[PDB]
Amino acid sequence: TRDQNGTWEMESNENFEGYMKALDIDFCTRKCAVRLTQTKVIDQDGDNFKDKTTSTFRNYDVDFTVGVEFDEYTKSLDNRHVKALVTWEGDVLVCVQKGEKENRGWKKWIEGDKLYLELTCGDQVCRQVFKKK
């Protein structure tokens, strides 16, 4: 159909970087842009168009059941394939991400009004704290 009216949210983006490089867009702009998603609003009246495009941060969703392994594609980071398995150790939620990187996984737990997250890959550990809203 020719009727392009609506709000449209990006779901896939292939070779955005090669296209941007052809436009001589700088190295830093290319790498940051290729991770963003976009929203296009198209306002169309016959053959007349008013278009609006805006970058947005991608939402990165993951669903799982404790004790049931699942395939995870780490699009929020390095976009690798891992086989992820989440277990309870007491009240600590523990995830092992089996794949190319050794000793990769995370631990997540609630203490008080705070969520604690420890991210591990190899010999590097990232430690994060979140406040409840």
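The first residue of the shown sequence is 1; numbering continues from there.
- The PDB entry records a higher mean C-alpha B factor for 24-32 than for its counterpart among 24-32 and 85-93.
- Between the residues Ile110, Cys121, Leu117, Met10, the entry's highest C-alpha temperature factor is the one at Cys121.
- Placement of the Cα temperature factor of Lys131 within the chain: middle third of the modelled residues, per the deposited record.
- Split the chain's modelled residues into thirds by C-alpha temperature factor. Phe70 is in the middle one.
- Remark: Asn59 belongs to the highest third of its chain, ranked by C-alpha B-factor as recorded.
- Sort the chain's modelled residues by C-alpha temperature factor and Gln38 lands in the middle third, per the entry.
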